[PDB]
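*Asks:* The structure follows.
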DNA sequence: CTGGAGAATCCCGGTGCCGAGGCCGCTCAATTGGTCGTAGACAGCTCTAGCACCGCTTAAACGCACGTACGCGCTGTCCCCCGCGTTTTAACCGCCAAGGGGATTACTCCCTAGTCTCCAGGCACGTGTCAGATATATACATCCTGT
DNA sequence: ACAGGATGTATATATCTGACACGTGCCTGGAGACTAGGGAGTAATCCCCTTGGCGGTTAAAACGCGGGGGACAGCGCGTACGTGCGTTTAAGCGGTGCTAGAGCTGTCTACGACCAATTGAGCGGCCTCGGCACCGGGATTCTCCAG
């Protein structure tokens with residue numbers, strides 16, 4: 001009898017929470033019915049790629065618990081997520097291990 | 001007796017048109033009474049100092065109509081307006097006359 | 001006529017030289033010209049792919065000047081003088 | 001109350017940042033010049049972050065007041081919201 | 001709302017009582033006023049959500065002016081707007 | 001609303017069913033979801049005023065996704081969201 | 001006959017084009033470029049005439065913004081000419097690459 | 001023995017690009033912040049996480065200069081960065 | 001596999 | 001350049017412990033179910049303005065040749081910065097205490113949305129006319145190759 | 001350098017012209033007046049957490065020194081780019097013509113706000129325990145100069 005509307009969409013993000021944030025967020029006078037359904041799937045998809053990539057990062061550093069260095073390495077090793085988050089500072093993030101080619105010992 | 005709110009506040013920008021644009025803009029649920037009065041002073045102040053400076057530039061080129069070259073020269077020769085309008089381009093504005101000193105002879 | 005091939009060469013060499021001399025450029029090497037064609041190629045693609053999607057959202061076959069302004073206000077390059 | 005305090009940003013501390021930035025060799029005049037950059041950069045963030053606190057009629061600068069000042073200047077910071 | 005060109009022209013005659021303005025220069029000033037309008041109101045709206053309020057007051061705009069306008073533009077426009085409010089309430 | 005950490009953790013167990021996440025890394029993902037939320041909704045609100053409408057629909061968000069997400073993130077998330085809507089209306 | 005030195009005519013033109021504000025790309029090749037790019041997004045589009053004029057006067061303002069910065073990156077490293085290193089550097093500092 | 005100059009500096013770049021910890025001592029950083037805010041409003045207080053936010057933002061800002069300062073010095077066919085390079089890189093950046 | 005057709009990774013294995 | 005060389009990063013196992021992670025109540029927010037009413041879809045129509053084509057100018061692009069000034073490689077100098085060691089400063093930690101101020105709760109009033117009537121400001125649309133553009137001649141301030 | 005020849009560049013006058021400034025009618029949006037209700041002011045709590053101080057350990061900063069590597073100035077080659085002339089290609093007017101579609105109006109209806117009653121998903125709290133961390137111990141791995 002409950003049948004939460006996120007479960008009708010086959011998602012995991014709360015559609016009813018998003019619909020509440022759209023209405024009291026002062027975005028428009030009205031919010032359509034399909035709007036928070038469509039938005040919650042997009043927010044699910046974006047987390048589903050970062051956690052998939054950062055999960056591969058921690059597996060490569062032989063750790064089973066994602067810490068925010070792995071979020072830094074997962075984002076900056078793309079070109080789409082890097083373009084999306086080009087002006088984002090991550091706490092405890094660090095820098096990619098990049099050294100310029102001129103700054104290397106010759107021969 | 002009309003006595004519009006701009007005349008009541010001693011300004012010249014329309015307080016009523018600001019107050020309608022605040023309410024018809026989804027900025028908040030409510031708009032205070034002193035709020036569109038306070039915007040209409042600020043917008044009237046900022047347009048006063050540009051037309052101050054652009055009027056000086058049109059006098060320096062011996063002209064009377066302000067042309068958008070003069071708006072470009074008025075903004076870019078004021079460092080506070082440059083921080084306000086750094087990301088803003090102006091149609092038919094042009095560039096300041098600026099040649100780097102290395103390029104000059106000899 | 002239909003396919004409209006290769007008008008990037010329509011931006012000529014002296015057209016680029018005029019643009020360089022607003023910047024205060026005294027000497028221009030010969031390899032700037034192929035680069036500058038490549039630069040505003042990818043500049044206009046980022047503006048048109050925004051401005052078209054405003055028109056497709058408004059279900060119009062035309063592209064207005066106001067849609068261009070909204071694409072440029074988006075990228076932090078606001079125009080004055082078109083609305 | 002507080003004296004010249006930019007000298008607390010020490011010479012090896014500035015060196016550590018350039019090593020993370022990827023700088024192999026550093027000239028001597030930089031150490032009194034990046035101190036002039038933080039002095040600009042913090043005065044543009046703390047000026048905004050105080051005006052959030054004075055608007056909310058508080059006396060303590062919260063963590064969100066820093067994040068709101070940083071988000072305004074195009075430096076969005078995660079990990080504190 | 002269609003323009004501010006009447007109100008811009010009243011300020012121009014007030015400051016420089018002899019100069020004029022072309023139509024293209026008026027359209028830039030018309031686009032200029034609309035730009036700062038949702039710079040201020042679009043940012044003062046964010047101050048209401050950061051304090052969980054629902055009204056935009058003069059206090060909400062005064063701090064939004066101090067964020068946007070740099071330097072002495074802040075110190076004048078804040079002093080300018082408070083003259084307008086105190087004249088408005090007294091009359 | 002206080003967090004998304006329940007929902008983030010459900011996705012994480014769905015993708016990598018063995019890995020975990022620290023609290024500091026959860027707080028970044030919590031700040032991440034809130035950032036794109038008013039990136040999309042704050043920009044899809046502007047599409048309603050540009051067309052003089054008052055409702056935000058799925059169509060208003062679909063074009064707002066195509067503005068924000070670059071490259072193949074657009075081509076997947078649009079295809080992702082339309083699967084959710086058609087499943088929602090059919091059920 | 002009379003002949004100027006190689007660089008005095010160059011400084012003559014910099015004083016010329018920084019003084020005036022006309023659009024410097026010829027219109028009809030630019031107005032033909034935009035329909036090259038628009039075909040790759042939606043076929044059979046139409047353009048307002050003011051919409052194309054907005055696309056010159058932003059893109060010309062964009063390219064002059066480059067050549068002010070590539071000039072500085074060529075004065076730095078002690079040159080006068082501009083190599084395409086300079087364009088590639090003063091776009092990667094801006095964060096466009 | 002003694003290493004050649006430069007090889008130690010490369011090994012630091014190998015190390016500090018691998019760690020994520022804060023490279024400025026925290027107590028002189030707080031004393032710096034409280035005297036800058038001394039000018040704006042007297043007698044202010046700070047949350048401890050509020051200063052750590054200013055720590056991590058300003059460190060990521062200064063690191064953000066030094067990869068762009070470094071590209072300026074390589075562009076001048078040099079290795080040592082100089083205050084010419086910082087004044088360039090923040091001026092192209094728009095400051 | 002949770003969602004391979006949904007997610008994007010084509011090139012390359014890094 | 002090879003070679004031990006010392007130094008250093010890597011892999012190794014072992015404590016071990018604090019922070020993920022999974023329980024538990026439980027309550028406030030999401031759901032179901034109706035019900036207005038209006039925003040919005042849709043059809044129809046007007047007519048603007050955008051596309052297409054015409055020729056005919058002529059400005060501007062193009063191509064070419066030439067000389068030269070700048071890029072660039074090279075060399076040499078030196079000095080300034082790195083590396084290392086020793087000594088000194090104070091960050092750091094742990095602990096403690098005090099109270100300011102954030103946070104919450106009631107309470108009440110004054111402020112703002114809302115409605116209706118009302119009307120004058122500010123639109124659209126006109127129309128003269130002067131600022132400005134263009135042209136032409138003059139005077140002048142250039143560059144510059146000679147001497 | 002001087003000089004003057006030469007080339008632009010500024011200056012003054014004259015003459016169009018079409019966009020600016022002004023006027024007018026009208027109309028619809030701002031003002032006035034009033035009511036209602038709730039958002040926010042205000043006082044009064046609590047109690048968290050920030051500030052302050054202290055002592056000890058020790059890591060890190062500071063200092064000095066020596067040396068060599070890099071910055072930098074100088075020099076020279078030579079070639080790629082400016083200048084300019086002649087040729088050629090389209091841009092640019094301007095004029096015509098067509099119709100697509102943008103804009104607007106008028107219905108109408110489905111969709112979303114609103115509401116009330118009703119759970120259970122999600123928060124907080126409280127547990128445990130194991131992933132990761134630190135420690136120690138070799139183990140390879142570059143780096144280095146003396147050959």
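Residue 1 is the first one shown; counting continues down the chain.
Even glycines carry a Cβ here, placed using N, Cα and C.
Per Swiss-Prot, the features are:
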{"type": "CROSSLNK", "residues": "B:1", "note": "ubiquitin cross-link"}
{"type": "MOD_RES", "residues": "B:1", "note": "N6-(beta-hydroxybutyryl)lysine"}
{"type": "CROSSLNK", "residues": "B:3", "note": "ubiquitin cross-link"}
{"type": "MOD_RES", "residues": "B:24", "note": "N6-(beta-hydroxybutyryl)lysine"}
{"type": "MOD_RES", "residues": "B:24", "note": "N6-crotonyllysine"}
{"type": "MOD_RES", "residues": "B:24", "note": "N6-(2-hydroxyisobutyryl)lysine"}
{"type": "MOD_RES", "residues": "B:62", "note": "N6-(2-hydroxyisobutyryl)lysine"}
{"type": "MOD_RES", "residues": "B:63", "note": "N6-(2-hydroxyisobutyryl)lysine"}
{"type": "MOD_RES", "residues": "B:83", "note": "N6-glutaryllysine"}
{"type": "MOD_RES", "residues": "B:83", "note": "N6-(beta-hydroxybutyryl)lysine"}
{"type": "MOD_RES", "residues": "B:83", "note": "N6-succinyllysine"}
{"type": "MOD_RES", "residues": "B:83", "note": "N6-(2-hydroxyisobutyryl)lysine"}
{"type": "MOD_RES", "residues": "B:106", "note": "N6-glutaryllysine"}
{"type": "MOD_RES", "residues": "B:106", "note": "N6-(beta-hydroxybutyryl)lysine"}
{"type": "MOD_RES", "residues": "B:106", "note": "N6-crotonyllysine"}
{"type": "MOD_RES", "residues": "B:106", "note": "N6-(2-hydroxyisobutyryl)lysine"}
*Asks:* For a quick check of understanding: among the recorded positions B:1, B:83, B:106, which residue's Cβ has the most other Cβ atoms within 10 Å?
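*Replies:* The residue with the most neighbouring Cβ atoms within 10 Å is B:83.
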*Asks:* Work out how many Å separate residue B:24 (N6-(beta-hydroxybutyryl)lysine) and residue B:1 (ubiquitin cross-link) at their Cα atoms, rounded off.
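*Replies:* Rounded to a whole number, the Cα-Cα distance is 27 Å.
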*Asks:* Sort out for me which one of B:3, B:24, B:62, B:63 has the most neighbouring CB atoms within 10 A, since those are the recorded positions we care about.
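*Replies:* Counting every other Cβ within 10 Å of each candidate, the maximum falls on B:63.
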*Asks:* Could you find out if DSSP has residue B:83 (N6-glutaryllysine) as helix, strand or coil?
*Replies:* helix
*Asks:* When C-beta separations to chain E are restricted to under 8 angstroms, which of the recorded positions B:3, B:24, B:62, B:83, B:106 qualify?
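*Replies:* Near chain E - Cβ to Cβ under 8 Å - we find B:83.
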*Asks:* Reported as an integer number of Å, what is the Cα distance between residue B:3 (ubiquitin cross-link) and residue B:63 (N6-(2-hydroxyisobutyryl)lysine)?
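*Replies:* Computed Cα spacing between residue B:3 (ubiquitin cross-link) and residue B:63 (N6-(2-hydroxyisobutyryl)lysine) is 37 Å.
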